[PDB]
$ cat work_39.txt   # compact mmCIF, C-alpha atoms and all ligand atoms
# COMPACT_ATOMS: atom_id res chain seq x y z
CA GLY A 1 0.11 12.28 30.92
CA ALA A 2 3.38 10.25 31.33
CA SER A 3 5.47 12.58 33.61
CA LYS A 4 4.46 11.28 37.09
CA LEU A 5 5.02 7.61 36.10
CA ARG A 6 8.70 8.52 35.44
CA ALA A 7 9.07 10.02 39.02
CA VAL A 8 7.48 6.77 40.44
CA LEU A 9 10.06 4.90 38.32
CA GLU A 10 12.93 7.14 39.55
CA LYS A 11 11.97 6.72 43.27
CA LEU A 12 11.76 2.90 42.67
CA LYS A 13 15.25 2.76 41.05
CA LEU A 14 16.88 4.94 43.75
CA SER A 15 15.69 2.55 46.54
CA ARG A 16 16.81 -0.50 44.46
CA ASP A 17 20.34 0.95 43.61
CA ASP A 18 20.84 2.34 47.15
CA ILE A 19 23.79 1.07 49.23
CA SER A 20 22.61 -1.68 51.60
CA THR A 21 24.36 -4.49 53.54
CA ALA A 22 21.09 -6.57 53.12
CA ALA A 23 22.30 -8.83 50.22
CA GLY A 24 25.50 -9.64 52.17
CA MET A 25 23.51 -10.73 55.27
CA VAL A 26 21.38 -12.94 52.96
CA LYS A 27 24.47 -14.34 51.08
CA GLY A 28 26.13 -15.62 54.29
CA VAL A 29 22.99 -17.35 55.52
CA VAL A 30 22.19 -19.12 52.18
CA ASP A 31 25.85 -20.23 51.50
CA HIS A 32 25.86 -21.78 55.01
CA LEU A 33 22.49 -23.52 54.35
CA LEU A 34 23.60 -24.79 50.90
CA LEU A 35 26.81 -26.19 52.43
CA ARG A 36 24.82 -28.10 55.11
CA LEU A 37 22.15 -29.53 52.71
CA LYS A 38 24.92 -30.68 50.25
CA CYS A 39 26.60 -32.93 52.89
CA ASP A 40 23.34 -35.01 53.15
CA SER A 41 22.12 -38.04 51.03
CA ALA A 42 18.85 -36.46 49.73
CA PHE A 43 20.05 -32.87 49.02
CA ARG A 44 23.68 -33.50 47.86
CA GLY A 45 22.87 -32.07 44.38
CA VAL A 46 21.19 -28.89 45.76
CA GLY A 47 22.04 -25.39 44.47
CA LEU A 48 20.75 -21.84 43.89
CA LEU A 49 18.43 -21.50 40.84
CA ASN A 50 20.35 -18.51 39.49
CA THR A 51 23.97 -18.19 40.72
CA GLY A 52 25.29 -14.66 41.29
CA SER A 53 21.71 -13.66 42.17
CA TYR A 54 20.90 -13.88 45.95
CA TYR A 55 19.19 -10.43 45.71
CA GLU A 56 15.91 -11.61 44.02
CA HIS A 57 12.95 -9.26 44.97
CA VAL A 58 9.32 -10.26 44.14
CA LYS A 59 7.71 -7.17 45.88
CA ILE A 60 9.01 -4.19 43.80
CA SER A 61 8.22 -1.85 46.78
CA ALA A 62 10.03 -3.85 49.53
CA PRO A 63 13.86 -3.65 49.16
CA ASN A 64 14.19 -5.66 52.42
CA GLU A 65 12.13 -8.76 51.31
CA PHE A 66 14.20 -11.42 49.44
CA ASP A 67 13.07 -14.64 47.68
CA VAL A 68 15.49 -17.53 46.91
CA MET A 69 15.14 -20.88 45.09
CA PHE A 70 16.92 -24.12 45.82
CA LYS A 71 16.97 -26.31 42.72
CA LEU A 72 17.46 -30.10 42.89
CA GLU A 73 18.42 -31.93 39.65
CA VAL A 74 15.98 -34.93 39.51
CA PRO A 75 16.93 -37.39 36.70
CA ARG A 76 14.54 -39.92 35.00
CA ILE A 77 11.26 -38.25 36.23
CA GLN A 78 7.78 -39.54 35.24
CA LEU A 79 4.95 -37.02 35.76
CA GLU A 80 1.23 -37.65 36.20
CA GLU A 81 -1.16 -34.70 35.74
CA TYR A 82 -3.32 -34.34 38.86
CA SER A 83 -7.13 -34.18 38.34
CA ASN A 84 -6.81 -32.56 34.81
CA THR A 85 -5.38 -29.39 36.56
CA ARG A 86 -2.85 -28.86 33.72
CA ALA A 87 -0.26 -27.25 36.15
CA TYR A 88 -0.34 -29.72 39.15
CA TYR A 89 1.64 -33.00 38.98
CA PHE A 90 2.49 -36.25 40.79
CA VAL A 91 6.20 -37.24 40.68
CA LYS A 92 7.22 -40.80 39.78
CA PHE A 93 10.57 -42.27 38.63
CA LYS A 94 11.61 -44.39 35.56
CA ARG A 95 13.69 -46.47 38.13
CA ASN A 96 17.18 -47.67 37.07
CA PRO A 97 19.41 -47.25 40.25
CA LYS A 98 16.27 -47.97 42.48
CA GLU A 99 18.10 -46.75 45.69
CA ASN A 100 18.06 -43.22 44.10
CA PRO A 101 18.92 -40.23 46.42
CA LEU A 102 15.18 -39.47 46.79
CA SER A 103 13.92 -43.04 47.38
CA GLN A 104 13.67 -42.14 51.13
CA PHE A 105 10.71 -39.75 50.32
CA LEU A 106 8.73 -42.25 48.13
CA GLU A 107 5.24 -42.91 49.51
CA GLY A 108 4.40 -45.85 47.26
CA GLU A 109 5.31 -44.86 43.67
CA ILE A 110 4.46 -41.15 44.24
CA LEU A 111 7.20 -38.80 45.57
CA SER A 112 6.10 -37.17 48.87
CA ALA A 113 6.67 -33.35 48.85
CA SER A 114 5.69 -33.22 52.59
CA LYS A 115 8.34 -35.89 53.51
CA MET A 116 10.99 -34.05 51.39
CA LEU A 117 9.95 -30.63 52.84
CA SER A 118 10.08 -31.94 56.45
CA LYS A 119 13.72 -33.12 56.01
CA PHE A 120 14.68 -29.85 54.18
CA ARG A 121 13.01 -27.86 57.03
CA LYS A 122 14.63 -30.06 59.74
CA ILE A 123 18.13 -29.62 58.18
CA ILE A 124 17.64 -25.80 57.95
CA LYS A 125 16.00 -25.50 61.46
CA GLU A 126 19.11 -27.19 62.94
CA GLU A 127 21.55 -24.84 61.06
CA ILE A 128 19.80 -21.48 61.91
CA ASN A 129 20.45 -21.99 65.68
CA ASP A 130 24.19 -22.70 64.94
CA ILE A 131 24.65 -19.12 63.48
CA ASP A 132 21.00 -13.29 64.06
CA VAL A 133 18.66 -15.72 62.19
CA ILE A 134 15.13 -17.08 63.10
CA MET A 135 12.62 -19.18 61.00
CA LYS A 136 8.79 -19.12 60.74
CA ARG A 137 6.59 -22.06 59.54
CA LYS A 138 3.96 -20.95 56.92
CA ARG A 139 1.25 -23.10 55.20
CA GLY A 140 0.67 -23.54 51.40
CA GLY A 141 3.69 -25.73 50.58
CA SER A 142 6.18 -23.35 48.93
CA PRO A 143 7.87 -21.05 50.08
CA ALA A 144 8.84 -23.90 52.41
CA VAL A 145 11.05 -21.85 54.79
CA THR A 146 10.91 -18.12 55.63
CA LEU A 147 13.91 -16.54 57.41
CA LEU A 148 14.19 -13.24 59.30
CA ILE A 149 17.57 -11.45 59.52
CA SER A 150 17.60 -8.61 62.14
CA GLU A 151 14.23 -6.69 61.91
CA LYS A 152 13.49 -5.64 58.29
CA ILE A 153 15.31 -8.43 56.32
CA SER A 154 12.94 -11.31 55.25
CA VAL A 155 14.03 -14.32 53.03
CA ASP A 156 11.62 -16.85 51.40
CA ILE A 157 13.12 -20.25 50.50
CA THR A 158 11.52 -22.47 47.84
CA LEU A 159 12.64 -26.09 47.19
CA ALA A 160 12.33 -26.92 43.47
CA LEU A 161 12.96 -29.94 41.28
CA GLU A 162 14.82 -29.55 38.05
CA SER A 163 13.85 -31.72 35.06
CA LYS A 164 15.95 -31.53 31.89
CA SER A 165 13.36 -33.56 29.94
CA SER A 166 10.79 -32.06 27.52
CA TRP A 167 8.09 -29.72 28.95
CA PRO A 168 4.71 -31.48 29.73
CA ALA A 169 1.93 -31.64 27.05
CA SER A 170 0.00 -28.85 28.86
CA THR A 171 2.69 -26.33 27.63
CA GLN A 172 2.61 -27.45 23.93
CA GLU A 173 0.45 -24.47 22.84
CA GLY A 174 1.89 -22.03 25.38
CA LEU A 175 4.73 -19.45 25.21
CA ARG A 176 3.21 -17.84 22.02
CA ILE A 177 6.22 -15.56 21.37
CA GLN A 178 6.79 -16.63 17.64
CA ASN A 179 5.64 -13.28 16.21
CA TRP A 180 7.46 -11.23 18.86
CA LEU A 181 10.75 -13.04 19.94
CA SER A 182 10.56 -15.58 16.96
CA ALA A 183 9.85 -19.34 16.55
CA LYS A 184 13.68 -19.96 16.78
CA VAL A 185 13.77 -18.46 20.31
CA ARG A 186 10.68 -20.45 21.48
CA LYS A 187 12.33 -23.82 20.50
CA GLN A 188 15.57 -22.73 22.30
CA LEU A 189 13.68 -21.67 25.46
CA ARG A 190 11.66 -24.90 25.42
CA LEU A 191 14.97 -26.91 25.19
CA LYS A 192 15.78 -25.39 28.65
CA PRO A 193 14.89 -27.32 31.88
CA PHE A 194 11.67 -26.92 33.95
CA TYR A 195 11.03 -26.75 37.72
CA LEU A 196 8.43 -28.32 40.03
CA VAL A 197 7.57 -26.61 43.32
CA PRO A 198 5.44 -28.23 46.16
CA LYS A 199 1.84 -26.88 45.79
CA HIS A 200 -1.78 -28.02 45.75
CA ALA A 201 -5.12 -26.47 44.63
CA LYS A 202 -6.91 -26.18 48.07
CA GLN A 203 -4.43 -31.58 50.08
CA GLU A 204 -2.36 -34.08 47.95
CA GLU A 205 1.36 -34.69 47.12
CA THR A 206 1.29 -32.39 44.09
CA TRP A 207 3.90 -30.19 42.39
CA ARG A 208 3.33 -27.03 40.34
CA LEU A 209 5.39 -26.29 37.17
CA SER A 210 7.59 -23.18 37.48
CA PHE A 211 9.19 -21.15 34.64
CA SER A 212 10.82 -18.20 36.67
CA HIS A 213 13.95 -18.62 34.54
CA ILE A 214 12.12 -18.19 31.21
CA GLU A 215 10.45 -15.04 32.50
CA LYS A 216 13.85 -13.66 33.66
CA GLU A 217 15.38 -14.62 30.29
CA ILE A 218 12.67 -13.00 28.11
CA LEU A 219 12.83 -9.83 30.27
CA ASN A 220 16.59 -9.49 29.76
CA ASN A 221 16.11 -9.92 25.92
CA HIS A 222 12.52 -8.66 25.28
CA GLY A 223 12.66 -6.89 21.84
CA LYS A 224 11.59 -7.91 18.32
CA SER A 225 14.80 -6.14 17.27
CA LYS A 226 17.92 -7.84 18.72
CA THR A 227 19.43 -4.38 19.58
CA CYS A 228 16.32 -3.32 21.74
CA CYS A 229 17.40 -1.13 24.73
CA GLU A 230 21.14 -1.44 23.88
CA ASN A 231 21.37 2.21 22.64
CA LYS A 232 19.75 5.73 22.57
CA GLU A 233 17.68 5.00 19.38
CA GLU A 234 16.11 1.69 20.66
CA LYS A 235 14.93 2.58 24.26
CA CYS A 236 11.59 0.76 25.03
CA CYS A 237 9.21 0.99 28.04
CA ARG A 238 8.41 -2.77 28.48
CA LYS A 239 10.24 -3.22 31.90
CA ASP A 240 8.92 0.19 33.13
CA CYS A 241 5.33 -1.01 32.27
CA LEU A 242 5.87 -4.28 34.13
CA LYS A 243 7.33 -2.38 37.18
CA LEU A 244 4.37 0.10 37.30
CA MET A 245 1.76 -2.68 37.17
CA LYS A 246 3.59 -4.59 39.87
CA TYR A 247 3.67 -1.41 42.04
CA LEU A 248 -0.02 -0.69 41.30
CA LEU A 249 -1.16 -4.12 42.64
CA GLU A 250 1.30 -3.96 45.64
CA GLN A 251 0.00 -0.42 46.60
CA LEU A 252 -3.71 -1.52 46.34
CA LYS A 253 -2.93 -4.76 48.25
CA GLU A 254 -1.38 -2.68 51.11
CA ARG A 255 -4.15 -0.03 50.99
CA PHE A 256 -6.77 -2.84 51.43
CA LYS A 257 -4.89 -5.37 53.66
CA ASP A 258 -7.56 -5.10 56.44
CA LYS A 259 -10.26 -6.53 54.08
CA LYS A 260 -9.44 -9.95 52.48
CA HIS A 261 -10.63 -9.05 48.87
CA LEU A 262 -7.20 -8.64 47.24
CA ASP A 263 -5.65 -11.64 49.09
CA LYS A 264 -5.93 -14.03 46.08
CA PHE A 265 -4.14 -11.58 43.69
CA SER A 266 -0.35 -11.59 43.25
CA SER A 267 2.44 -10.58 40.82
CA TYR A 268 1.68 -13.79 38.76
CA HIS A 269 -1.61 -12.15 37.74
CA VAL A 270 0.08 -8.85 36.84
CA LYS A 271 3.13 -10.52 35.05
CA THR A 272 0.89 -12.86 32.93
CA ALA A 273 -1.28 -9.90 31.82
CA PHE A 274 1.83 -7.84 30.71
CA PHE A 275 3.28 -10.82 28.77
CA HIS A 276 -0.05 -11.26 26.95
CA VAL A 277 0.15 -7.49 26.03
CA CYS A 278 3.75 -8.23 24.73
CA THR A 279 2.31 -10.82 22.33
CA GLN A 280 -0.50 -8.40 21.31
CA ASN A 281 2.06 -5.60 20.73
CA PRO A 282 5.22 -7.35 19.25
CA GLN A 283 6.85 -4.27 17.65
CA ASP A 284 9.38 -2.13 19.55
CA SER A 285 7.73 1.09 18.10
CA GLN A 286 4.58 0.07 20.12
CA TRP A 287 6.76 0.40 23.28
CA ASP A 288 8.56 3.76 22.66
CA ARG A 289 9.91 5.42 25.90
CA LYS A 290 7.95 8.59 24.88
CA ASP A 291 4.67 6.51 25.07
CA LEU A 292 5.21 5.39 28.69
CA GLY A 293 1.73 6.63 29.75
CA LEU A 294 -0.24 5.43 26.68
CA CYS A 295 1.70 2.05 26.94
CA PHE A 296 0.93 1.74 30.67
CA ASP A 297 -2.73 2.44 29.95
CA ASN A 298 -2.94 -0.44 27.43
CA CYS A 299 -1.47 -2.77 30.15
CA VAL A 300 -4.01 -1.41 32.71
CA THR A 301 -6.85 -1.71 30.06
CA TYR A 302 -5.98 -5.37 29.21
CA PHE A 303 -5.72 -6.38 32.92
CA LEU A 304 -9.14 -4.61 33.50
CA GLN A 305 -10.66 -6.61 30.54
CA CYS A 306 -9.27 -9.79 32.15
CA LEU A 307 -10.89 -9.10 35.55
CA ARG A 308 -14.29 -8.32 33.93
CA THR A 309 -14.37 -11.31 31.49
CA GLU A 310 -12.92 -13.54 34.33
CA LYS A 311 -10.25 -14.71 31.82
CA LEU A 312 -6.48 -14.66 32.32
CA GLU A 313 -4.79 -17.65 30.56
CA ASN A 314 -1.48 -18.88 31.99
CA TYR A 315 1.32 -17.81 29.55
CA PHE A 316 2.75 -21.41 29.45
CA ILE A 317 -0.42 -23.47 30.05
CA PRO A 318 -3.14 -21.73 27.97
CA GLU A 319 -5.94 -23.94 29.46
CA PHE A 320 -5.18 -22.76 33.03
CA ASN A 321 -7.38 -19.70 33.83
CA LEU A 322 -5.82 -17.68 36.67
CA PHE A 323 -9.20 -15.82 36.89
CA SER A 324 -11.52 -18.89 37.16
CA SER A 325 -14.51 -18.75 39.60
CA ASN A 326 -12.94 -21.60 41.73
CA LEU A 327 -9.64 -19.69 41.95
CA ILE A 328 -10.95 -16.12 42.46
CA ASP A 329 -14.62 -15.24 43.23
CA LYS A 330 -16.46 -12.55 41.17
CA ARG A 331 -16.80 -10.38 44.35
CA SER A 332 -12.97 -10.23 44.78
CA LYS A 333 -12.50 -9.50 41.01
CA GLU A 334 -15.13 -6.69 40.93
CA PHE A 335 -13.60 -5.10 44.06
CA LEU A 336 -10.21 -4.98 42.17
CA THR A 337 -11.82 -3.64 38.89
CA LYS A 338 -13.41 -0.71 40.84
CA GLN A 339 -10.14 0.06 42.74
CA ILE A 340 -8.08 0.23 39.49
CA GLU A 341 -10.80 2.22 37.56
CA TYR A 342 -10.74 4.81 40.43
CA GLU A 343 -6.87 4.89 40.20
CA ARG A 344 -6.95 5.27 36.36
CA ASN A 345 -9.45 8.21 36.62
CA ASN A 346 -7.77 10.03 39.60
CA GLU A 347 -4.20 10.19 38.10
CA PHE A 348 -3.05 7.02 40.04
CA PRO A 349 -2.95 8.51 43.64
CA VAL A 350 -1.09 5.37 44.90
CA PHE A 351 1.92 6.51 42.77
CA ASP A 352 2.35 9.71 44.98
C1 LIG A 401 5.67 -14.67 32.38
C2 LIG A 401 4.29 -14.95 32.98
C3 LIG A 401 4.35 -15.13 34.51
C4 LIG A 401 4.89 -16.47 34.90
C5 LIG A 401 6.08 -16.68 35.54
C6 LIG A 401 6.48 -18.01 36.07
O1 LIG A 401 7.50 -18.27 36.68
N1 LIG A 401 5.52 -19.05 35.80
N2 LIG A 401 5.57 -20.39 36.13
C7 LIG A 401 4.38 -20.86 35.60
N3 LIG A 401 3.94 -22.16 35.74
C8 LIG A 401 2.49 -22.57 35.70
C9 LIG A 401 1.66 -21.94 36.82
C10 LIG A 401 0.26 -22.14 36.82
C11 LIG A 401 -0.55 -21.49 37.77
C12 LIG A 401 0.03 -20.62 38.75
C13 LIG A 401 -0.85 -19.87 39.71
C14 LIG A 401 -0.54 -18.53 40.06
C15 LIG A 401 -1.40 -17.81 40.91
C16 LIG A 401 -2.57 -18.41 41.44
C17 LIG A 401 -2.87 -19.75 41.11
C18 LIG A 401 -2.03 -20.48 40.26
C19 LIG A 401 1.44 -20.45 38.76
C20 LIG A 401 2.24 -21.11 37.82
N4 LIG A 401 3.56 -19.88 34.95
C21 LIG A 401 4.31 -18.78 35.10
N5 LIG A 401 4.01 -17.51 34.65
ZN ZN A 402 13.65 -2.73 25.13

$ encode --input "work_39.txt" --output "structure tokens" --more "lines below"
Ligand SMILES: CCCc1cc(=O)n2nc(NCc3ccc(-c4ccccc4)cc3)nc2[nH]1
Ligand SMILES: [Zn+2]
Amino acid sequence: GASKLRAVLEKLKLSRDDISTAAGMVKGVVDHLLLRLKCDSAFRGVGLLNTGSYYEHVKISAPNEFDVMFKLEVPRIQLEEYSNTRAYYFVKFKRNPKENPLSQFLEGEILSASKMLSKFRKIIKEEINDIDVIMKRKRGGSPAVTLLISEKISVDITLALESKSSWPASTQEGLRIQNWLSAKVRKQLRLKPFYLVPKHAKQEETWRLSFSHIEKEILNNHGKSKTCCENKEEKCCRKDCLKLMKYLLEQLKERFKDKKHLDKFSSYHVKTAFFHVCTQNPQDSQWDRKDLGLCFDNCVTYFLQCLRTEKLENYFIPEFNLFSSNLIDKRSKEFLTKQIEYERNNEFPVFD
């Protein structure tokens, strides 16, 4: 049916809307960090990616785990695509006022992420002690810093570069929303800046393109009809589908944390699948609140087709396959397929 999914969705909203001092603990820590990074040569133009929002939650099950982004406006950037990866880039500068605020991190002509991250970490490490806050150092690149307030509160900090120039060539054929959100909206969205986060593909001074802000924007204005979800008549189940798929992967990832099979999968994989189903189903009538279950099943069916065909194109970079053999091995994909197919056929036990 579509009854139980609603109760999952009610439990999820009640935790989310519940009164907690958590966001206030987070707010004080980040405002203090931002004030200390600003009175420093390299990070004087630092700020929160989305102001007003400190309470950003990636894990839809964990109301105690926060994720924050620190954007840095980098003017006159030159990017070089690393090893034809389409999403991984070197950072160079057009060079006009040569003694630019980030010249101190230049390793030759290429901008060192590691050098920039070390200073960012060193500035934060020295401000935590000054404050109940403690930091942990975790590999990968970004999140750079991870903070722990009290016992349950956890905060991931990601350093990002902001570029107000045109999106790289690898995105040219991406964001295929023309028949859903319109060609007018695509051009507007693509006029918006883009972010680079420190990341590699297994170790160089590379940066991955990030479009968190586009995702947030589309989600808060997701209909073909401009009035979608504003009234009683136009209530769609798009966000509810996204939430249920996110919960599904989070529940399976917890259920199988002892084994390492679902370690490569994340919300990126679940978000990208949903957005591809949004393109496939552009009409609001295809997302009626009465069809929750049928709608959710088409999301689960598409994701299942992606795992099996080993194909999940990045929504912005269509040549980047999230499900490639070098990214995720067949063994890990087949383990996930079987786990979901059992969930589909047993009235999703994880959701109770
Ligand atoms: C709306 C669709 C979801 C979405 C949100 C967002 O914020 N972004 N930002 C990018 N940028 C390129 C990019 C390329 C690859 C990976 C990746 C992920 C996992 C494993 C291995 C690689 C992550 C980012 N794509 C997205 N898609
Ligand atoms: Zn809607």

$ residues_around --input "work_39.txt" --residues "residue 102 in chain A" --least-positions-apart "4" --cutoff "12 Å" --atoms "all atoms listed in the file" --output "JSON, numbers by chain"
{"A": [40, 41, 42, 43, 44, 45, 72, 73, 74, 75, 76, 77, 91, 92, 93, 95, 97, 98, 106, 107, 109, 110, 111, 112, 113, 115, 116, 117, 119, 161]}

$ residues_around --input "work_39.txt" --residues "residue 325 in chain A" --least-positions-apart "2" --cutoff "12 Å" --atoms "all atoms listed in the file" --output "ChimeraX atom specification"
/A:264,307-312,321-323,327-333

$ write_last_selection --input "work_39.txt" --atoms "C-alpha atoms" --output "PDB file, in the coordinates of the input"
ATOM      1  CA  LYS A 264      -5.930 -14.030  46.080  1.00  0.00           C
ATOM      2  CA  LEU A 307     -10.890  -9.100  35.550  1.00  0.00           C
ATOM      3  CA  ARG A 308     -14.290  -8.320  33.930  1.00  0.00           C
ATOM      4  CA  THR A 309     -14.370 -11.310  31.490  1.00  0.00           C
ATOM      5  CA  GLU A 310     -12.920 -13.540  34.330  1.00  0.00           C
ATOM      6  CA  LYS A 311     -10.250 -14.710  31.820  1.00  0.00           C
ATOM      7  CA  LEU A 312      -6.480 -14.660  32.320  1.00  0.00           C
ATOM      8  CA  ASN A 321      -7.380 -19.700  33.830  1.00  0.00           C
ATOM      9  CA  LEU A 322      -5.820 -17.680  36.670  1.00  0.00           C
ATOM     10  CA  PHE A 323      -9.200 -15.820  36.890  1.00  0.00           C
ATOM     11  CA  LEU A 327      -9.640 -19.690  41.950  1.00  0.00           C
ATOM     12  CA  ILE A 328     -10.950 -16.120  42.460  1.00  0.00           C
ATOM     13  CA  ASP A 329     -14.620 -15.240  43.230  1.00  0.00           C
ATOM     14  CA  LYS A 330     -16.460 -12.550  41.170  1.00  0.00           C
ATOM     15  CA  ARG A 331     -16.800 -10.380  44.350  1.00  0.00           C
ATOM     16  CA  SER A 332     -12.970 -10.230  44.780  1.00  0.00           C
ATOM     17  CA  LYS A 333     -12.500  -9.500  41.010  1.00  0.00           C
TER      18      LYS A 333
END

$ closest_atom_pairs --input "work_39.txt" --of "chain A" --to "ligand LIG 401 (chain A)" --cutoff "7 Å" --atoms "only C-alpha atoms and all ligand atoms" --output "CSV"
residue,atom,partner,partner_atom,distance
A:87,CA,A:LIG401,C10,5.2
A:208,CA,A:LIG401,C9,6.4
A:209,CA,A:LIG401,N3,4.6
A:210,CA,A:LIG401,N2,3.7
A:211,CA,A:LIG401,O1,3.9
A:212,CA,A:LIG401,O1,3.3
A:213,CA,A:LIG401,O1,6.8
A:215,CA,A:LIG401,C1,4.8
A:266,CA,A:LIG401,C15,6.7
A:268,CA,A:LIG401,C3,5.2
A:269,CA,A:LIG401,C15,6.5
A:271,CA,A:LIG401,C3,4.8
A:272,CA,A:LIG401,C2,4.0
A:275,CA,A:LIG401,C1,5.8
A:314,CA,A:LIG401,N4,5.9
A:315,CA,A:LIG401,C2,5.4
A:316,CA,A:LIG401,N4,5.8
A:317,CA,A:LIG401,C8,6.4
A:320,CA,A:LIG401,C10,6.7
A:322,CA,A:LIG401,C17,5.7
A:327,CA,A:LIG401,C17,6.8

$ closest_atom_pairs --input "work_39.txt" --of "chain A" --to "ligand ZN 402 (chain A)" --cutoff "7 Å" --atoms "only C-alpha atoms and all ligand atoms" --output "Markdown table"
| residue | atom | partner | partner_atom | distance |
| --- | --- | --- | --- | --- |
| A:222 | CA | A:ZN402 | ZN | 6.0 |
| A:223 | CA | A:ZN402 | ZN | 5.4 |
| A:228 | CA | A:ZN402 | ZN | 4.4 |
| A:229 | CA | A:ZN402 | ZN | 4.1 |
| A:234 | CA | A:ZN402 | ZN | 6.8 |
| A:235 | CA | A:ZN402 | ZN | 5.5 |
| A:236 | CA | A:ZN402 | ZN | 4.1 |
| A:237 | CA | A:ZN402 | ZN | 6.5 |
| A:238 | CA | A:ZN402 | ZN | 6.2 |

$ closest_atom_pairs --input "work_39.txt" --of "range 130-182 of chain A" --to "range 48-67 of chain A" --cutoff "10 Å" --atoms "all atoms listed in the file" --output "Markdown table"
| residue | atom | partner | partner_atom | distance |
| --- | --- | --- | --- | --- |
| A:143 | CA | A:67 | CA | 8.6 |
| A:146 | CA | A:67 | CA | 8.9 |
| A:147 | CA | A:66 | CA | 9.5 |
| A:148 | CA | A:65 | CA | 9.4 |
| A:149 | CA | A:64 | CA | 9.8 |
| A:151 | CA | A:64 | CA | 9.5 |
| A:152 | CA | A:64 | CA | 5.9 |
| A:153 | CA | A:64 | CA | 4.9 |
| A:154 | CA | A:65 | CA | 4.8 |
| A:155 | CA | A:66 | CA | 4.6 |
| A:156 | CA | A:67 | CA | 4.6 |
| A:157 | CA | A:67 | CA | 6.3 |
| A:158 | CA | A:67 | CA | 8.0 |
| A:159 | CA | A:48 | CA | 9.7 |
| A:160 | CA | A:49 | CA | 8.6 |
| A:162 | CA | A:49 | CA | 9.3 |

$ closest_residue --input "work_39.txt" --among "A:1, A:140, A:282, A:318" --to "residue 172 in chain A" --atoms "all atoms listed in the file"
A:318

$ atom_distance --input "work_39.txt" --atom1 "CA of residue 251 in chain A" --atom2 "CA of residue 276 in chain A"
22.4 Å

$ decode --input "work_39.txt" --residues "range 245-259 of chain A" --atoms "N, CA and C atoms" --output "CSV table (one decimal), in the first residue's frame"
chain,number,residue,atom,x,y,z
A,245,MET,N,13.7,7.4,0.4
A,245,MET,CA,14.9,6.7,-0.2
A,245,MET,C,16.1,7.0,0.6
A,246,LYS,N,16.2,8.2,1.2
A,246,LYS,CA,17.3,8.5,2.0
A,246,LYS,C,17.3,7.6,3.2
A,247,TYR,N,16.1,7.5,3.9
A,247,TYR,CA,15.9,6.6,5.1
A,247,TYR,C,16.2,5.2,4.8
A,248,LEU,N,15.7,4.7,3.6
A,248,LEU,CA,16.0,3.3,3.2
A,248,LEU,C,17.5,3.0,3.2
A,249,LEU,N,18.3,3.8,2.5
A,249,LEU,CA,19.7,3.6,2.4
A,249,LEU,C,20.4,3.7,3.8
A,250,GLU,N,20.0,4.7,4.6
A,250,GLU,CA,20.5,4.9,6.0
A,250,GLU,C,20.2,3.7,6.9
A,251,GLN,N,19.0,3.2,6.8
A,251,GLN,CA,18.6,2.0,7.6
A,251,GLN,C,19.4,0.7,7.2
A,252,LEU,N,19.5,0.5,5.9
A,252,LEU,CA,20.3,-0.7,5.4
A,252,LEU,C,21.8,-0.5,5.7
A,253,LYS,N,22.3,0.7,5.6
A,253,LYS,CA,23.7,1.0,6.0
A,253,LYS,C,24.0,0.7,7.4
A,254,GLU,N,23.1,1.0,8.3
A,254,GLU,CA,23.2,0.8,9.8
A,254,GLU,C,23.1,-0.7,10.0
A,255,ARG,N,22.0,-1.4,9.4
A,255,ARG,CA,21.8,-2.8,9.6
A,255,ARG,C,23.0,-3.6,9.2
A,256,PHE,N,23.8,-3.2,8.2
A,256,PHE,CA,25.0,-3.9,7.7
A,256,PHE,C,26.3,-3.2,7.9
A,257,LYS,N,26.4,-2.4,9.0
A,257,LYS,CA,27.7,-1.7,9.3
A,257,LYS,C,28.9,-2.6,9.6
A,258,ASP,N,28.6,-3.8,10.1
A,258,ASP,CA,29.7,-4.7,10.5
A,258,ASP,C,30.4,-5.2,9.3
A,259,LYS,N,29.7,-5.5,8.2
A,259,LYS,CA,30.3,-5.9,6.9
A,259,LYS,C,30.7,-4.5,6.2
